[PDB]
Amino acid sequence: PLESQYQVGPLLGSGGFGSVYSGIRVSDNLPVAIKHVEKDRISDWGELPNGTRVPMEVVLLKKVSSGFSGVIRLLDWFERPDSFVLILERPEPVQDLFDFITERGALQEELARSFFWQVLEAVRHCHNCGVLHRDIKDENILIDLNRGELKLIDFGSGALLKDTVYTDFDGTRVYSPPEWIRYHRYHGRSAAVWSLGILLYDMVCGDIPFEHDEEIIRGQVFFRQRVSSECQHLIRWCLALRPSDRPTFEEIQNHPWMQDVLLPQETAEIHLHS
Ligand SMILES: N[C@H]1CC[C@H](Nc2cncc(-c3cccc(/C=C/C(=O)O)c3)n2)CC1
């Protein structure tokens, strides 16, 4: 019934993907996020295992649903005449990573390492469940501030993971790889790695490396902030122009810059004041 189940709070954020509100489950006072998505704006429609038409985003969220805290959990969903309403997990207190970096600037490498590791674990969880996120970026990462735990959100641009070529894309252009800009052709995992390179640069420098198509295509990385040689190496590897020159996930997590990660709780205690 929705109205009798949730008390709607203030708008957390909005866009083409939808409008996300703070909410509370009236049942047990659980903090939730209530995301509204217009039907007219859904491009990718999905198949439920029982044969009901839902947005692909619902398909993908159910597929990644788990006790694993690295990916946002879908709690319920509703269909309305003109929209879908998604009830999502909400950590409290929380801060979106984009806002975190906007406030604090370039992150210390120990913190970036902890954050980047957790994103890698979350993205590996998605792929292992057959889900390609397609919009990995700071804005789509929430920080559980008490626990030091990160959560991937916004599966509205995602697709089922396949090993064949993707010829469609509606994620964030400044995180999209050169093969998409030039050819309108990418493969899931190597494009994901590219976006991860953009993200890591963003963490350690406080902003993204490329603004224009010409820059993405050239792939020349300039460091505006002091960044260790190992981190620079990892970033430049992720941002290899040829998709096949990019590291696998295993290679990223075995990289020397990635050793001795802090646990999330240690991360909270040292860097999040907790
Ligand atoms: N692309 C979106 C735009 C709204 C942004 N705003 C915020 C800010 N603070 C918290 C949240 C939030 C809290 C709980 C769940 C979610 C999930 C959103 C989603 O899956 O789309 C999002 N969302 C998040 C990224």
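Residues numbered from 1 in each chain as written, not as in the entry; some residues may be left out. Heavy atoms only, no water.

(A) The overall build of the chain, seen in detail. Check the secondary structure of the chain and you find 9 helices and 12 strands. Over its C-alpha atoms the chain spans a radius of gyration of 19 Å, differing by no more than 12% from the 19 Å that the globule rule assigns to 274 residues. Projected onto its principal axes, the C-alpha positions of the chain cover 55 × 45 × 30 Å. Per-residue burial over the chain gives 51% buried out of 274 residues. Total accessible area on the chain is roughly 13300 Å²; 47% of this is exposed by carbon and sulfur atoms. (Helix = DSSP H or I, 4+ residues; strand = E, 2+ residues; numbered from the N terminus. Rg over C-alpha atoms; globule rule 2.2 N^0.38 Å. Buried < 20%, exposed > 50% of the residue type's maximum accessible area, 1.4 Å probe, protein only. Areas by Shrake-Rupley, 256 points an atom, 1.4 Å probe, with all protein chains shown as cover.)

(B) Layout of the side chain of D96. With respect to the secondary-structure elements, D96 resides in strand β8 (residues 94-96). The buried charged residue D96 lacks any salt bridge partner; its closest oppositely charged side chain belongs to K137, at an N-O distance of 9.1 Å. Not counting residues within four places of it along the chain, the set of residues in contact with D96 comprises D138, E139, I141, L142 and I153. (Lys, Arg positive; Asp, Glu negative; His and termini not counted. Salt bridge = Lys/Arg side-chain N within 4 Å of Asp/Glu carboxyl O. Contact = heavy atoms within 4.5 Å.)

(C) Main features of the site of the ligand. What surrounds the ligand is a group of 14 residues, the closest being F17, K35, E139, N140 and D154. Between an oxygen atom of the ligand and a side-chain N or O atom of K35, the distance comes to 2.8 Å. A distance of 3.0 Å separates an oxygen atom of the ligand from a polar backbone atom of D154. Out of a free accessible area of 530 Å², the ligand has 93% covered by protein chains. (Near = heavy atom within 4 Å. Polar contact = N/O pair within 3.5 Å; in protein donor to acceptor, adjacent residues only side chain to side chain.)

(D) Region of interest: the sheet that holds strand β3 (residues 30-38). With antiparallel pairing, 5 strands are arranged side by side in an open sheet as β1-β2-β3-β7-β6. Sheet topology places β1 (6-14) and β6 (74-79) at the edges, where each strand pairs with a single neighbour. For this sheet, the mean inter-axis angle between neighbouring strands, taken without regard to orientation, is 25°. In terms of strand pairing, strand β2 (residues 19-25) meets β3 through 7 bridges, oriented antiparallel. Across the sheet, the residue bridging to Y21 is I34, located in β3. The strands touched by helix α1 (residues 56-64) are β3, β6 and β7 (83-89); relative to β6, the strand with the most contacts, the crossing angle is about 155°. (Pairing = 2+ DSSP bridges. Axes fitted to C-alpha atoms, helices over the stretch in contact; angles between N-to-C directions.)

(E) Structural detail: the nonpolar core. The biggest cluster of nonpolar side chains holds 78 residues, and the ones touching the most others in it are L97, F115, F116, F155, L199, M203 and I235. The element that contributes the greatest number of residues to this core is helix α5 (residues 188-205), accounting for 12 residues. When we break this core down by domain, the ones giving at least three residues each are domain 1 (1-92) and domain 2 (93-274). Setting aside residues no more than four positions away along its own chain, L97 makes contact with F115, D138, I141, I143, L199 and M203. With 7 residues, the next largest nonpolar core counts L2, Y6, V32 and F78 among its residues. (Core = buried A, V, L, I, M, F, W, Y, C linked by side-chain atoms within 4.5 Å. Domains from an automatic or database assignment.)

(F) Structural context of the environment of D99. Tracing the backbone through its elements, the reader meets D99 in helix α2 (residues 97-104). Given a relative accessible area of 37%, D99 falls into the partly exposed group. Along the primary structure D99 and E139 are separated by 40 residues, whereas in three dimensions their C-alpha atoms are 7.7 Å apart.

(G) Region of the structure containing the environment of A112. Looking at where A112 falls in the secondary structure, it is placed in helix α3 (residues 109-128). Each C-alpha atom of the pair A112 and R242 lies 25 Å from the other, and the pair is 130 residues apart in sequence. Sequence-distant contacts of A112, that is, excluding residues within four places in its chain, are made with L107, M203, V204 and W257.

(H) Here's a closer look at the domain arrangement of the chain. On domain assignment, one finds that the chain holds domain 1 (1-92) and domain 2 (93-274). Each of domain 1 and domain 2 has a C-alpha centre, and these two points are 24 Å apart. Taken residue by residue, the interface counts 20 residues in domain 1 and 25 residues in domain 2. Summing the contributions of domain 1 and of domain 2, the shared interface buries around 1800 Å²; its carbon and sulfur component is 65%. Counting across the interface, domain 1 meets domain 2 through 2 salt bridges. (Buried area = accessible area lost by both parts, 1.4 Å probe.)

(I) Examining the sheet that holds β8 more closely. Across the sheet, which stays open at both edges, the 3 strands sit in the order β8-β10-β11 with antiparallel pairing between neighbours. A single partner strand is all that each edge strand has here, and the edge strands are β8 and β11 (149-152). For this sheet, the mean inter-axis angle between neighbouring strands, taken without regard to orientation, is 25°. Both strand β10 (residues 141-144) and β11 contribute to a ladder of 4 bridges, which runs antiparallel.

(J) Seen up close, the UniProt feature "domain: Protein kinase" in the chain. When the UniProt feature table is mapped onto this chain, "domain: Protein kinase" is found at residues 6-258. Between the C-alpha atoms that bound residues 6-258 the distance is 41 Å, and the span itself is 33% helix and 23% strand. (UniProt positions renumbered as here; feature names shortened; annotations may be inferred.)

(K) Structural context of the side chain of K151. Within the fold, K151 resides in strand β11. Given the relative accessible area of 4%, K151 is considered buried. At a separation of 3.1 Å, a polar atom in the side chain of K151 contacts the side chain of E89.

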